[PDB]
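Remarks on the structure that follows.
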Protein chains: 2
Amino acid sequence: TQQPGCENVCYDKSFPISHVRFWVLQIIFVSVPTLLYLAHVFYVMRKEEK
Amino acid sequence: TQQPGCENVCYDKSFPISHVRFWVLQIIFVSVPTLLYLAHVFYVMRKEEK
């Protein structure tokens with residue numbers, strides 16, 4: 001098309017969120033509970049030491 | 001503007017009819033009664049001849 005601004009609005013409609021950024025979000029939210037448990041058990045060990 | 005087709009629609013809005021063509025219409029409609037009278041009196045003369 002020759003319509004100004006049509007390309008990026010159509011791209012935005014086609015891709016609400018990028019694939020790689022969505023996968024980054026997925027992997028980060030998957031890793032969050034593991035890091036939470038790691039830090040929690042580390043501080044539990046610190047409490048046990050004292 | 002970069003909008004396709006805006007230039008000619010704006011030209012059409014600005015100039016509903018061209019100036020020279022409007023003046024041609026004016027002069028032609030002004031001449032019409034003169035030609036009508038000329039031909040009419042010519043045929044009246046032809047009738048008078050016979």
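Just remember, in the structure tokens the first chain shown is A, the second B, etc., residues are 1-based per chain, and ligands are 1-based in the order shown.
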- [ ] Identify all residues of chain B in alpha helix (DSSP H) (DSSP on the backbone) and supply them as number ranges by chain.
- [x] B: 6-14, 19-49
TODO: Return as a PyMOL selection string the residues belonging to chain B that are within 10 Å of chain A, counting only C-alpha atoms.
DONE: chain B and resi 1-4
Task: Length of the CA of residue 41 in chain B to CA of residue 22 in chain B vector [Å] - done: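 Separation of CA of residue 41 in chain B and CA of residue 22 in chain B: 29.5 Å.
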TODO: Work out how far apart CA of residue 34 in chain B and CA of residue 20 in chain B are and give it in Å to one decimal.
DONE: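 Going from CA of residue 34 in chain B over to CA of residue 20 in chain B covers 21.6 Å.
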